[PDB]
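Undergrad: Have a look at this one.
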Amino acid sequence: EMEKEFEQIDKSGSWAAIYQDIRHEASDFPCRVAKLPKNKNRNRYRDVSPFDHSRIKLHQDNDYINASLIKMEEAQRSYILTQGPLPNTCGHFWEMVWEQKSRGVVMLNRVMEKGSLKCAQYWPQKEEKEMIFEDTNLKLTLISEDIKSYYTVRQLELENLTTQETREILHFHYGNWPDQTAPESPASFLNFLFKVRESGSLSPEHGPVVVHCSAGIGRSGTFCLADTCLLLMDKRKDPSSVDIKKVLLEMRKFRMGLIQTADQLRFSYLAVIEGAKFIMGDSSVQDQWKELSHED
Ligand SMILES: [Mg+2]
Ligand SMILES: [Mg+2]
């Protein structure tokens, strides 16, 4: 059992060992396109690249973006994990959103973190100042935003200027989750995860949700791992049936480095264990998460 195992690892103080074993067993696949000279300025970090086999290809001369399709066959959910767009890849980012028919973007970082710019300002901050990405012929307008205590939800309108088709994109922006560390509480993380779920952005009738932090592997991996684990129990109505480490290693077949610290691994256990309360039919813990969240 996941809860049994968690208590064993915690009392033996074994999280670093457990996490290091995951790194040693992780898949290794070529990243030849990411490493082409013409793509150097499309990568935020030299050591975080998409595998060729799972990378998202842009439809419109150079198809390269630092983004990976994580396709969880058994859970029947997909995610696109990507780096925080650079100043020259914001048009590529929204082209990917458009071509993949994604309905939601989950942003787990702030634009400035730790004294440095971790992400370009790739969405409009003011309704009256829309953004046009001339390289990809897309227009992006801020329609509304709901600013909560530690996260913000925005409605964006993304228009294809060629066809004049428009789509609503929901932006879920986590405000106080730093890299390397674990979120303040499972409650606030789960409250946020369930807001994304409730929006319909994860439905299979849409493209995969787009998830990013700065590198698109640490906080982003934690988000997807918890969501996939909860979905697997939901499908089986069986929390015992879920092996978190097996699921993480499966995710790492599609993008390198998912979950960057032993603390993030331990938090994933905490989050899935607490989230299981809701999956198995205690719908009122979701209310307690919102209370514990102090989102107002
Ligand atoms: Mg429009
Ligand atoms: Mg169209």
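In the structure tokens, chains take the letters A, B, ... in the order shown, each chain's residues start at 1, and ligands count up from 1 in the order shown.
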Counting only C-alpha atoms, what is within 8 Å of residue 267 (chain A), bar same-chain residues fewer than 4 positions away, as a PyMOL selection string?
TA: chain A and resi 182-183+186+263+271
Undergrad: Restricting it to N, CA, C and O atoms, dump the selection as a compact mmCIF listing (two decimals), in the first residue's frame.
TA:
# COMPACT_ATOMS: atom_id res chain seq x y z
N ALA A 182 8.50 21.55 -1.73
CA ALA A 182 7.13 21.07 -1.70
C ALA A 182 6.18 22.24 -1.43
O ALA A 182 6.55 23.19 -0.73
N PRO A 183 4.97 22.19 -1.98
CA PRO A 183 3.99 23.23 -1.67
C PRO A 183 3.73 23.30 -0.18
O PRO A 183 4.01 22.36 0.57
N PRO A 186 -0.45 19.82 1.34
CA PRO A 186 -1.24 19.06 0.37
C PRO A 186 -2.58 19.72 0.11
O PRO A 186 -3.05 19.71 -1.04
N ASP A 263 12.19 15.76 -1.87
CA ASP A 263 11.08 16.42 -1.20
C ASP A 263 9.83 16.47 -2.09
O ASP A 263 8.71 16.29 -1.60
N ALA A 271 0.27 14.08 -1.24
CA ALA A 271 -0.85 14.65 -1.98
C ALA A 271 -1.81 13.56 -2.46
O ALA A 271 -3.03 13.69 -2.33
Undergrad: Would you mind listing, for every residue of chain A within 6 Å of ligand 1, the two atoms forming the shortest contact and the distance between them in Å to one decimal, using only C-alpha atoms and all ligand atoms, sorted by chain and ascending residue number, as a tab-separated table?
TA:
residue	atom	partner	partner_atom_place_in_ligand_line	distance
A:157	CA	ligand 1	1 (Mg)	5.6
A:158	CA	ligand 1	1 (Mg)	5.9
A:159	CA	ligand 1	1 (Mg)	4.6
A:166	CA	ligand 1	1 (Mg)	5.8
Undergrad: Between A:143, A:111, A:270, A:190, which one has atoms that come closest to residue 292 (chain A), using only C-alpha atoms?
TA: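 Of A:143, A:111, A:270, A:190, the one nearest residue 292 (chain A) is A:190, counting only C-alpha atoms.
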Undergrad: Give me, as a ChimeraX atom specification, all polymer residues having an atom no more than 8 Å from residue 95 (chain A), counting only C-alpha atoms and skipping those fewer than 5 positions away in the same chain.
TA: /A:58,136,138
Undergrad: Restricting it to N, CA and C atoms, dump the selection as a PDB file, in the first residue's frame.
TA:
ATOM      1  N   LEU A  58       5.469  21.344 -33.993  1.00  0.00           N
ATOM      2  CA  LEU A  58       4.656  22.420 -34.549  1.00  0.00           C
ATOM      3  C   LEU A  58       4.307  22.107 -36.001  1.00  0.00           C
ATOM      4  N   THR A 136       3.238  33.658 -35.917  1.00  0.00           N
ATOM      5  CA  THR A 136       2.328  32.521 -36.015  1.00  0.00           C
ATOM      6  C   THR A 136       0.879  32.907 -36.292  1.00  0.00           C
ATOM      7  N   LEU A 138      -1.509  34.590 -34.572  1.00  0.00           N
ATOM      8  CA  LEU A 138      -2.452  34.348 -33.493  1.00  0.00           C
ATOM      9  C   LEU A 138      -2.648  35.621 -32.682  1.00  0.00           C
TER      10      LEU A 138
END
Undergrad: Pick out the closest residue to ligand 2 from this set: A:71, A:253, A:167, A:23. Count only C-alpha atoms and all ligand atoms.
TA: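 Residue with the minimum atom-to-atom distance to ligand 2: A:167.
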Undergrad: Taking only C-alpha atoms and all ligand atoms into account, which residues have an atom no farther than 10 Å from ligand 2? I'd like them as a count of residues only.
TA: 11
Undergrad: Could you give me, as number ranges by chain, each residue of region 12-207 of chain A that DSSP assigns to helix (DSSP H, G or I) when run on this structure's backbone?
TA: A: 12, 15-25, 37-42, 90-99, 186-198
Undergrad: Could you name the residues that touch region 169-177 of chain A at 7 Å or less, counting only C-alpha atoms, but leaving out those on the same chain fewer than 5 positions away, as number ranges by chain?
TA: A: 103-110, 150-158, 183, 196
Undergrad: Go through A:188, A:100, A:199, A:261 one by one, measure the shortest atom-to-atom distance of each to residue 148 (chain A) using only C-alpha atoms, and give the residue with the smallest value.
TA: A:188
Undergrad: Between A:55, A:240, A:147, A:90, which one has atoms that come closest to residue 132 (chain A), using only C-alpha atoms?
TA: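 Of the candidates, the smallest distance to residue 132 (chain A) is held by A:90.
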Undergrad: Just give me the gap between CA of residue 42 (chain A) and CA of residue 77 (chain A) in Å, one decimal is fine.
TA: 27.1 Å
Undergrad: Considering only C-alpha atoms, state which residue in the set A:219, A:54, A:118, A:13 is at the smallest distance from residue 257 (chain A).
TA: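 Selected residue with least distance to residue 257 (chain A): A:219.
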Undergrad: Residues near region 287-291 of chain A, anyone? I mean within 7 Å using only C-alpha atoms, not counting same-chain ones fewer than 2 positions away, as a VMD selection string.
TA: chain A and resid 187 to 188 191 284 to 285 293 to 295
Undergrad: With DSSP run on the backbone, what are the strand (DSSP E) residues within region 83-276 of chain A? I'd like them as a ChimeraX atom specification.
TA: /A:104-107,112-113,116-117,131-133,138-147,151-160,166-174,209-212
